[PDB]
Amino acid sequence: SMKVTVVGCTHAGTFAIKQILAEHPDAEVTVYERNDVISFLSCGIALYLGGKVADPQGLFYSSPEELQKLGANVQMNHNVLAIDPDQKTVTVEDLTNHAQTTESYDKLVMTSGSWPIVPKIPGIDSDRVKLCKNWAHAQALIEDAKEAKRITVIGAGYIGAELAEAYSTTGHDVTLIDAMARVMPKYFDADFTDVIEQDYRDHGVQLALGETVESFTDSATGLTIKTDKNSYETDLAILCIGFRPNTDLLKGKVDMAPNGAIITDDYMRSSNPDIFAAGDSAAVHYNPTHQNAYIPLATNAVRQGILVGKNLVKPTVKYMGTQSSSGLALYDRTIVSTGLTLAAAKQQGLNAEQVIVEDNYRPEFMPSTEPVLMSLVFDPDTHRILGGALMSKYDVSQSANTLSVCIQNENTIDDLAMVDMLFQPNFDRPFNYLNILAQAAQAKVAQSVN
């Protein structure tokens, strides 16, 4: 029977194994995972530290026992040491006793995920510097936070943004450091990040943007972080400066993006047709640019993992690409986005323009309403929508998914300006705020012809 080896099992491996067992019940599925746990939702780390999680056992949706019950050979606490594609073998180490074995496979599923970026900064190995990815990192931060009054987050991505907000609302002195000029520049344009950065300042968070960390120096009174512009002392530092594909097992053996992300076809097959990749270990087709990108999100992991099971024997279901749709909740604001920002679109030489619209999402005669700040990025010549974002105290998260479907179908600002959307004052004005947003883009395009 067909032998399948799965390297790594958090989200992409979990969905791949379940899919393979469901559609090929005769296949021999062996899975190796360094940790003793699977299906951990890292998105809940900041939610717990922020107080919002009572039972940490709810942060798991699967288990090694469940995959075993489904018919999988589950080998937890195993570290894959080598992958031999020409001999189609794999060498694995049992971390409980160093026992090494060499096994054959017919298909290999590379779901080894990613690992945080740790730069060559002097003193970064300090015990007051912590990572924040897996369940082990979470349990450490859970116990270490009660004593760390001063928290410093290094890296102003969405993960770093969530940690700073979660620690600020729980009685900590928070400093947010990043070398980039703005917070979360991949998701939102300057109009959005200006409001968010003001929210951090209003809540006492010290913003140290545009500064590069140079050294970590430990003393009795805490950890001293020196940047090219200032110096800070903290009780704990957390690294949130991005992720790197954990694919060195296949380096030089399958085609890769410069950062190590495995390049796949539309059926999740690598350059080696017997090695599949899914999740943080792989690149994704970015629909707005029709090129590969590294977008390490759980949405890609669960989707690509399913496709691995669909296409294990032969191509069956094509990958639909992604728009990198994301959403965040910070200081009672819902901040969502999808596709390209204006900055990213121009940074990549695309013909793009932007409209910014602020409106109450539902009529004022209602008992309450709330302003929603909206952005729409579009090609001024083809009118094709390239991206969009919404920010409001009202939960506007589902509108980003509406925009994602628009971009998936390559709809224009003219499609969105008039497409049928419901009206009821409990929810919106006669035209939905997404219609109003696209009508503003039309007016900006019209203001150009005349």
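Start at 1 with the first residue shown and count on from there.
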Given the B-factors recorded for C-alpha atoms, which segment has the greater mean, 36-44 or 383-391?
36-44
So 432-440 or 5-13, which one's hotter by mean CA B-factor in the entry?
5-13
Scanning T221, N134, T369, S324 for peak Cα temperature factor in the entry gives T221
In terms of CA temperature factor as recorded, identify the highest of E197, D189, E364, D125.
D125
What third of the chain, by the recorded C-alpha B-factor, contains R303?
lowest
Chain thirds of CA B-factor: placement of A27
highest
Among the modelled residues of its chain, the C-alpha B-factor of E103 falls in the third labelled highest
Report the third (lowest, middle or highest) to which the CA temperature factor of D359 belongs, ranking only the modelled residues of the same chain.
lowest
Can you work out whether the C-alpha temperature factor of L59 puts it in the lowest, middle or highest third of the chain?
middle
